[PDB]
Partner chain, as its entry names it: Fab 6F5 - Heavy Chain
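Presented as structure tokens, the chain that follows is alone, the form deposited without its partner chain.
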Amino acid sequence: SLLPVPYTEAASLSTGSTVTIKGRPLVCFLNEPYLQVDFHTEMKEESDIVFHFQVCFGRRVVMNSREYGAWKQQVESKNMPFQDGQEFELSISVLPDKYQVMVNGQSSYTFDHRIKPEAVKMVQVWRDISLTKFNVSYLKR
């Protein structure tokens, strides 16, 4: 039972928040489907991006921020724990100094805070996936 994609949810983050996503690539890895997760400063999709996470399935991952409309220093990883044809579970944790990205229970990517996570007002999940689960935790002070 699938959420609409692109998926937009208002959100707040601080140290101890987790964003958990469960989905499936729409097509085989040979065709290089993408997944993107963006942490935005406003509900508007043209707003700045505290954390940009983009998977080219089978190839690579890039992370960046978009600050006053401009992309900053791109970070690239060849790490590819995602499995061709499989549902994945992605969890993004706010640590004190960085985001930690777990794929199917394995630490795969981290990204030091360029902007306080308190700036985040919105998460968008989009590109070439079906989405069965999206959750932000809110238990912590």
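Positions refer to the first chain, counted from 1.
In what follows, reference is made to the form solved in complex with its partner chain, a form of this protein that is not presented.
Peer 1: Any of the heavy atoms of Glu67 lying within 4.5 Å of its partner chain in the bound PDB entry?
Peer 2: Within the cut-off, so yes.
Peer 1: Does at least one non-hydrogen atom of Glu87 fall within 4.5 angstroms of its partner chain in the bound PDB entry?
Peer 2: Residue-level check for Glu87: no, no contact with its partner chain.
Peer 1: What residues of 114-138, in sequence order, lie within 4.5 Å of its partner chain in the bound PDB entry by heavy atom?
Peer 2: The stretch 114-138, when checked against its partner chain in the bound PDB entry, contributes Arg114, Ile115, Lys116, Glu118, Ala119 at the 4.5 Å heavy-atom cut-off.
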